[PDB]
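Student: What follows is a structure written as structure tokens; I'll ask about it next.
For neighbour counting, all protein chains shown are included, and Cβ atoms are generated from backbone atoms with ideal geometry for every residue, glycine included. Basis: the model, the stated rules and, where named, an outside source; none is laboratory data.
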Amino acid sequence: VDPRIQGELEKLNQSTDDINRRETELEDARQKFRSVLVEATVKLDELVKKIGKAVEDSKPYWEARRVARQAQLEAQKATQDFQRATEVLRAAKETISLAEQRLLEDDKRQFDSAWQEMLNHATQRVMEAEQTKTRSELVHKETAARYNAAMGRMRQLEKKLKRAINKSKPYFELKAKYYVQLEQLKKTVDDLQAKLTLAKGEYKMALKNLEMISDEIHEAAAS
């Protein structure tokens, strides 16, 4: 079948054009990343020569400042898992206390039967709550000191070698301005790269049809 093959032919040649285009789109994306990279580093290395020793002496603090953020997020879990534990205890205390008012009387006729299932659950609820409470109230304590020690150490390392930290300030800033630029560029290249392989992938997929179509037209030929 001649009409069967010519249609498939047009498709593969359109793919090769699209791929050839997208390859060149990456080339401009690749070399521009190469260019920005080397351009970035001649600036940062120049800063090193300006102020070298201070930056080295500054790194004990910045690593400690990193720990400051990490020690904090330990507390963020501790305080909130404790806040939840206190609320669960209160809501269960409420469920019990409201039941307790109707529990002293036992005079409720139609109400007492309804109440007791609620009470028995709540009394079994507090069994679980107080334990997660005591666990969380201690976790609240563990992270807290580390958070105080981290600040205390940061503060101690703040007050010590301030001079070192002052001179290193511009270095980490151009480091940060380039860092956020590169992270954005990598994603542009990486996502284009993925889009390449899907195109080169669907191109290989289109050729497999030809093998099958040649195989398929072969059966018709035998007749």
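Student: Taking the criterion of being within 30 Å of residue 156 (Cβ to Cβ) and either out of contact with any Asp or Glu (no Cβ under 9 Å at 6 or more places or on another chain) or in the same structural domain as residue 192 (by CATH) (or both), would at least one residue in the range 32-47 satisfy it?
Tutor: Yes - at least one qualifying residue is present in the range 32-47.
Student: Restricted to the range 22-42, and to residues that are exposed (fewer than 12 other Cβ atoms within 10 Å of the Cβ) and charged (D, E, K, R), which residue is nearest to residue 149 (Cα to Cα)?
Tutor: Among those that are exposed (fewer than 12 other Cβ atoms within 10 Å of the Cβ) and charged (D, E, K, R), it is 39.
Student: Here's another thing I want to ask about it. Report yes if residue 2 is of a type outside the set (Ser, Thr, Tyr), surrounded by fewer than 11 Cβ atoms within 10 Å (Cβ to Cβ), touching an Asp or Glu at 6+ places or on another chain (Cβ under 8 Å) and without any contact (Cβ under 8 Å) to a residue 12 or more places away in the chain, otherwise no. Reasoning before the result, please.
Tutor: Details: of a type outside the set (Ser, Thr, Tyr): yes; surrounded by fewer than 11 Cβ atoms within 10 Å (Cβ to Cβ): yes; touching an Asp or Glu at 6+ places or on another chain (Cβ under 8 Å): no; without any contact (Cβ under 8 Å) to a residue 12 or more places away in the chain: yes.
The answer is no for residue 2.
Student: State all residues of the range 105-121 that are hydrophobic (A, V, I, L, M, F, W, C) and either under 24 Å from residue 88 (Cα atoms) or under 49 Å from the mean Cα position of the chain (by Cα) (or both); if no residue qualifies, say none.
Tutor: 114, 115, 118, 119
Student: Would you confirm whether or not the range 154-164 contains a residue that is touching a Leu at 6+ places or on another chain (Cβ under 6 Å) and surrounded by 15 or more Cβ atoms within 10 Å (Cβ to Cβ)?
Tutor: No, there is no match, as no residue in the range 154-164 is touching a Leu at 6+ places or on another chain (Cβ under 6 Å) and surrounded by 15 or more Cβ atoms within 10 Å (Cβ to Cβ).
Student: Just to be sure I understand, how many residues within the range 51-76 are more than 28 Å from the chain's Cα centre (by Cα) and surrounded by 12 or more Cβ atoms within 10 Å (Cβ to Cβ)?
Tutor: Number satisfying all stated conditions: 7.
Student: If you don't mind, another one. Scanning for something charged (D, E, K, R), assigned to a helix (DSSP H, G or I), farther than 17 Å from residue 62 by Cα and in contact (Cβ under 8 Å) with a residue 60 or more places away in the chain, does the range 106-129 turn up at least one residue?
Tutor: First, pick out the residues of the range 106-129 that are charged (D, E, K, R): 106-109, 112, 117, 125, 128.
Narrowing the set further to residues that are assigned to a helix (DSSP H, G or I) leaves 112, 117, 125, 128.
Within this subset, residues satisfying the condition of being farther than 17 Å from residue 62 by Cα are 112, 117, 125, 128.
Next, only the ones that are in contact (Cβ under 8 Å) with a residue 60 or more places away in the chain stay: none.
No - not one qualifying residue is present in the range 106-129.
Student: Only one of 195, 187, 175, 204 is within 30 Å of residue 15 (Cα to Cα), charged (D, E, K, R), touching a residue at least 40 places away in the same chain (Cβ under 8 Å) and not assigned by CATH to the domain that holds residue 98; which?
Tutor: None of the other options fit; the residue is 195.
Student: Moving on to the next point. Residues of the range 1-44 being of a type in the set (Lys, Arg) and over 29 Å from the mean Cα position of the chain (by Cα), which ones?
Tutor: Residues satisfying the conditions are 4, 11, 21, 22, 43.
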